[PDB]
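Engineer: Protein chains in written order, with the numbering used here: chain S, 12 to 817; chain X, 7 to 102. Where is the CB? At the ideal position from N, CA and C, for every residue including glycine.
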DNA sequence: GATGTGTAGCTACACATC
DNA sequence: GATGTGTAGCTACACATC
């Protein structure tokens with residue numbers, strides 16, 4: 012009697028609660044009524060028994076199935092009971108009606124019930140069992156030891172579940188046990204869990220103290236975009252100013268670097284808004300104080316950050332001026348001055364350029380006062396601080412108008428005296444030269460002045476003693492290279508360079524100190540870019556530098572050869588008194604083959620792609636060797652090389668039809684060779700093993716169709732649709748298809764052929780030929796069934812596109 | 007020339023997806039209306055709590071850990087701007 | 001000012017099927 | 001693994017709200 016009445020009372024609440032959230036608060040108020048009435052009659056366990064039974068009805072349901080209203084009903088019922096308990100304890104000195112016992116007994120009994128399906132075979136049951144626990148975990152109150160150890164054990168097993176969905180519910184349940192062991196489990200999944208959404212769940216709900224923060228912020232380079240975005244959108248936002256006090260400056264500096272340059276705009280905007288809005292408002296708009304947080308020695312990112320701040324806040328922009336009150340200058344204001352001024356020029360802010368900045372002559376005054384204060388001394392972190400201010404002011408000076416003749420002439424005396432200091436740091440040499448170049452507006456004027464500065468330094472060492480000290484030659488070769496870098500006229504028009512080349516450039520190439528020789532090559536290379544004859548006479552010597560030289564020399568000497576070809580074309584080889592092109596082709600082989608020098612492989616590959624794009628290199632066999640190194644197993648561990656090819660081969664194939672063709676002709680043979688490499692690699696057994704160091708022939712094949720797809724060309728004539736570049740390639744693959752022996756490979760090719768692009772405009776004859784070879788394969792050497800269907804799909808399309816004969 | 011620009015606009019802008027090479031290249035172009043809580047289930051619906059049997063329900067111990075930690079590799083930011091310009095004279099560029 | 005809430009539409013992922 | 005379809009998580013601009 013009573014027992015049946017309880018079931019109906021509780022069953023009716025569920026029967027109408029599944030349909031709508033409307034009357035849930037009444038349902039909860041009723042359930043507590045049925046319960047309280049059931050316990051006084053002595054039928055407490057009857058209420059718990061029927062409450063359990065009825066919840067078992069929803070477990071088989073799929074996720075996102077609207078009859079999770081019961082789930083939301085169970086959670087609301089547990090929460091309210093606990094609320095009454097906590098409240099009742101405060102109201103009353105002593106709980107007189109066993110209120111705590113009933114709750115303690117109901118919750119323990121209920122958890123153990125649902126835990127009966129925590130390892131159920133059904134995907135859906137496992138999910139909702141963890142879902143139920145997740146939504147009621149916080150309000151369980153106090154549990155005895157046995158129940159506690161049963162939850163952590165059951166959860167620690169399900170963190171490794173098959174379905175990611177249940178694993179997300181597995182972390183949610185674990186976030187409630189943090190504060191010991193629960194954190195270690197979350198730290199293991201935030202790094203090792205394959206599902207990007209489990210990483211995300213653990214990321215957002217982890218404790219975020221001084222211990223876990225390194226693991227949370229590590230997600231800023233997660234392969235998933237949302238995860239990389241949320242570290243900026245939520246974690247660093249919720250921390251507010253905690254980032255500046257609690258995060259170590261170097262981890263902090265890297266985070267903003269990754270964000271401002273991330274490959275996804277979504278992530279970039281997330282980081283930008285964090286700077287231009289959240290952090291700036293957090294510091295009450297004090298623009299200078301923000302720059303103190305963003306360390307400015309890492310300027311490149313501070314530029315991306317400030318350049319982003321100006322776009323998000325044009326009003327703050329107009330305000331800042333630089334009156335003659337320069338007495339307040341610091342690294343932050345020095346940086347601002349540069350960023351603001353060059354930002355104005357790039358966007359033609361007429362009004363601001365006019366009065367917001369001092370006049371040229373007035374800037375040279377300040378610029379000098381800092382040089383005197385640093386280099387004419389007679390503390391250390393003051394030296395680095397002054398050198399930085401000189402740099403910033405000098406970058407703005409390079410682009411100053413200099414309409415005033417006095418200003419132009421005043422600044423010129425400051426840089427000329429700066430470049431004459433033997434103690435000037437390389438950063439200030441680089442920019443110092445750039446300003447002198449801007450001031451002359453006459454290349455010969457700029458050259459004659461720089462040579463004097465160089466020779467004066469050289470002579471003062473020789474005369475003060477007959478070839479100058481090695482330390483001095485460095486000072487001249489670095490100043491010399493930064494000069495030649497901006498010289499764009501033949502040597503014959505500047506007679507001093509040939510004399511500069513006679514007295515320390517060519518001697519430097521003959522030196523014994525590696526660092527001087529490398530500098531001597533860089534200047535020699537820079538001279539070759541001006542006089543063709545000079546390049547020709549040194550091609551042999553550079554080639555031998557790249558053959559026998561150490562790692563560093565090999566590195567610089569090879570860039571010179573690529574730059575000589577980039578400028579002078581093929582005129583420096585294959586002629587009278589010149590080197591043979593094959594002699595240099597082989598040099599690139601050894602370098603692109605030099606597994607032991609990865610950094611050298613990069614420029615050999617990046618460079619070889621530059622010369623094919625420029626149409627100075629055209630040998631197919633070399634090009635073929637170029638692509639095979641990309642897919643080769645030995646090079647797969649050279650990230651710089653992999654990313655280089657990943658960008659360069661596409662641009663070569665898509666740059667011009669004549670280049671895409673060269674891939675089509677060679678692509679088929681490349682696939683064949685790479686099929687032999689992979690196959691031979693799966694069979695061979697060698698302690699180092701690793702058969703995964705190579706892309707499977709199905710992805711290689713796939714990749715080759717993408718590069719040969721005429722729809723990816725940058726230029727679209729409209730007559731590029733009748734392009735057979737992709738057809739001829741597939742034909743070449745159906746011909747070499749015969750030469751493959753293994754079945755799984757022959758399956759990897761034939762199952763992807765349908766990605767090809769078919770159009771009626773394509774040549775009839777070449778479509779016919781492609782069909783002939785498709786039929787020949789289909790009707791003779793019989794395939795798997797999945798392969799057969801793929802090949803029959805192609806023929807069907809061919810048979811249809813061909814059929815448009817009218 | 008336009009060749010640089012024509013190449014510059016097309017490529018840098020959202021051909022990054024394949025910036026890692028390797029397989030990482032995409033280039034990709036009612037029911038259960040209601041329940042009746044009153045109707046009986048006579049002891050064989052509650053068999054929801056069956057044992058796994060030979061169903062798996064667990065990850066292969068292979069995938070539980072990955073040395074890569076599912077992070078990006080270092081970004082060397084190969085850009086069209088980087089290929090058009092010389093090595094030792096970045097200001098100047100080859101015939102382009 | 002700052003938080004809600006309506007709409008819509010986008011893109012890299014995850015999901016499903018065999 | 002090669003298909004095709006579904007969705008979490010924003011992204012933008014519009015207003016009402018306290």
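I'd like to know if residue 50(X) contacts chain S, where contact means its C-beta is closer than 9 Å to some C-beta of that chain.
Structural biologist: Residue 50(X) does not count as touching chain S.
Engineer: Please report the straight-line C-alpha distance between residue 512(S) and residue 447(S), rounded to a whole angstrom.
Structural biologist: Near 21 Å, if we compare the C-alpha coordinates of residue 447(S) and residue 512(S).
Engineer: Check whether the Cβ of residue 312(S) lies closer than 9 Å to any Cβ atom in chain X.
Structural biologist: No - not a single Cβ of chain X is within 9 Å of the one on residue 312(S).
Engineer: Distance, Cα to Cα, residue 782(S) vs residue 17(X)?
Structural biologist: Each residue's alpha carbon lies about 34 Å from the other.
Engineer: Under the rule that 16 or more other beta-carbon atoms within 10 Å means buried, what is residue 180(S), buried or exposed?
Structural biologist: The residue in question, residue 180(S), is buried, as its Cβ has 16 or more Cβ neighbours within 10 Å.
Engineer: Check distances from the C-beta atoms of the region 47-71 of chain X to those of chain S and list, in chain order, the residues that come in under 7 Å.
Structural biologist: The region 47-71 of chain X vs chain S, Cβ under 7 Å: 52, 54, 55, 56, 58, 59, 61, 62, 63, 64, 65, 69, 70 and 71.
Engineer: Within 10 angstroms of the Cβ of residue 881(S), are there 16 or more other Cβ atoms? Answer buried if so, exposed if not.
Structural biologist: Within the shown structure, residues of chain S are numbered from 12 to 817, placing residue 881(S) beyond reach of any answer.
Engineer: Residue 421(S) to residue 413(S), Cα distance in whole Å?
Structural biologist: Taking the straight line joining both Cα atoms gives about 10 Å.
Engineer: What's the gap between the Cα of residue 101(X) and the Cα of residue 8(X)?
Structural biologist: Each residue's alpha carbon lies about 12 Å from the other.
Engineer: Which residue marks the beginning of the alpha helix (DSSP H) containing residue 157(S), and which one marks its end?
Structural biologist: Looking at the DSSP string, the run of the alpha helix (DSSP H) that includes residue 157(S) is 156-169.
Engineer: In the structure shown, what three-state DSSP assignment does residue 87(X) receive?
Structural biologist: In this structure, residue 87(X) counts as helix in the three-state DSSP scheme.
Engineer: In angstroms, rounded to a whole number, what distance separates the CA positions of residue 556(S) and residue 805(S)?
Structural biologist: C-alpha separation (whole angstroms): 53 Å.
Engineer: Got a sec? Which residues, its chain only, sit under 8 Å from residue 630(S) by beta carbon, not counting five neighbours each side?
Structural biologist: Contacts found: 596.
Engineer: Between the region 60-77 of chain S and chain X, which residues of the former have CB atoms less than 9 Å from a CB of the latter, in chain order?
Structural biologist: Cβ contacts with chain X: 64, 65, 67, 68, 69, 70, 71, 72, 73, 76 and 77.
Engineer: For the region 230-247 of chain S, which residues have a beta carbon sitting closer than 7 Å to at least one beta carbon of chain X?
Structural biologist: Going along the region 230-247 of chain S in chain order, one finds 232, 233 and 234 with a Cβ nearer than 7 Å to chain X.
Engineer: Hey, residue 679(S) and residue 746(S): beta-carbon distance below 9 Å or not?
Structural biologist: For residue 679(S) and residue 746(S), yes; Cβs fall inside 9 Å.
Engineer: Pull the bridge partners of residue 99(X) from the DSSP assignment, please.
Structural biologist: According to DSSP, residue 99(X) bridges with 91(X).
Engineer: Could you tell me which whole beta strand (DSSP E) segments of length 3 or greater appear in the region 183-235 of chain S?
Structural biologist: Qualifying beta strand (DSSP E) stretches: none in this window.
Engineer: Quick one: which residues of the region 164-175 of chain S get their C-beta closer than 7 Å to a C-beta of chain X? List them in chain order.
Structural biologist: Those residues of the region 164-175 of chain S that come within reach of chain X (Cβ to Cβ, closer than 7 Å) are 171, 172 and 173.
Engineer: Can you pull the DSSP bridge partners for residue 77(X)?
Structural biologist: In the DSSP output, where bridge partners are listed per residue, residue 77(X) has 233(S).
Engineer: How big is the Cα-Cα spacing for residue 616(S) and residue 655(S)?
Structural biologist: Their backbone Cα atoms lie some 8 Å apart in a straight line.
Engineer: Excluding the five sequence neighbours on either side, which residues of its own chain have a C-beta within less than 7 Å of the C-beta of residue 546(S), listed in chain order?
Structural biologist: Answer for residue 546(S): 539, 575, 579 and 583, listed in chain order.
Engineer: On the criterion of 16 or more Cβ atoms from any shown chain inside 10 Å, does residue 646(S) qualify as buried, or is it exposed?
Structural biologist: Result: buried.
Engineer: Who are the near neighbours of residue 659(S) in its chain, counting only those whose CB is closer than 6 Å to its CB and skipping five residues on each side?
Structural biologist: Cβ neighbours of residue 659(S) beyond the five flanking positions: 620.
Engineer: For a cutoff of 9 Å on Cβ pairs, would you count residue 85(X) as touching chain S?
Structural biologist: Cβ-Cβ to chain S under 9 Å: yes for residue 85(X).
Engineer: Roughly how many whole angstroms lie between the Cα atoms of residue 334(S) and residue 246(S)?
Structural biologist: When rounded, the distance between both Cα atoms is 40 Å.
Engineer: Let me know the beta strand (DSSP E) ranges lying completely inside the region 671-701 of chain S, each 3 residues or longer, listed in chain order.
Structural biologist: Fully enclosed beta strand (DSSP E) runs of 3 or longer: not present.
Engineer: Which residue comes first and which comes last in the alpha helix (DSSP H) that contains residue 718(S)?
Structural biologist: Looking at the DSSP string, the run of the alpha helix (DSSP H) that includes residue 718(S) is 708-718.
Engineer: Could you list which residues in chain S have their beta carbon closer than 9 Å to that of residue 7(X), in chain order?
Structural biologist: The premise fails here: residue 7(X) is roughly 12 Å from chain S at the closest Cβ pair, so nothing lies under 9 Å.
Engineer: May I have the straight-line CA-CA distance separating residue 103(S) from residue 78(S), to the nearest angstrom?
Structural biologist: In a straight line, the C-alpha of residue 103(S) is about 39 Å away from that of residue 78(S).
Engineer: Run down chain X in chain order and give the residues with a C-beta less than 7 Å from the C-beta of residue 131(S).
Structural biologist: By Cβ distance, chain X contributes 54, 55 and 56.
Engineer: Thinking C-alpha only, which one of 415(S), 429(S) and 418(S) is nearest residue 402(S)?
Structural biologist: Minimum Cα distance to residue 402(S) is reached at 429(S).
Engineer: Nearest-angstrom Cα distance between residue 75(X) and residue 202(S)?
Structural biologist: Approximately 5 Å, taken between the alpha carbons.
Engineer: Quick check: what's the CA-CA separation for residue 508(S) versus residue 270(S)?
Structural biologist: Roughly 45 Å separates the two Cα atoms.
Engineer: Below 8 Å, can you find three or more Cβ-Cβ pairs linking the region 549-563 of chain S to the region 592-607 of chain S?
Structural biologist: Segments in contact, yes.
Engineer: What three-state label does DSSP hand residue 498(S) in the structure shown?
Structural biologist: Three-state DSSP puts residue 498(S) in coil, outside helix and strand.
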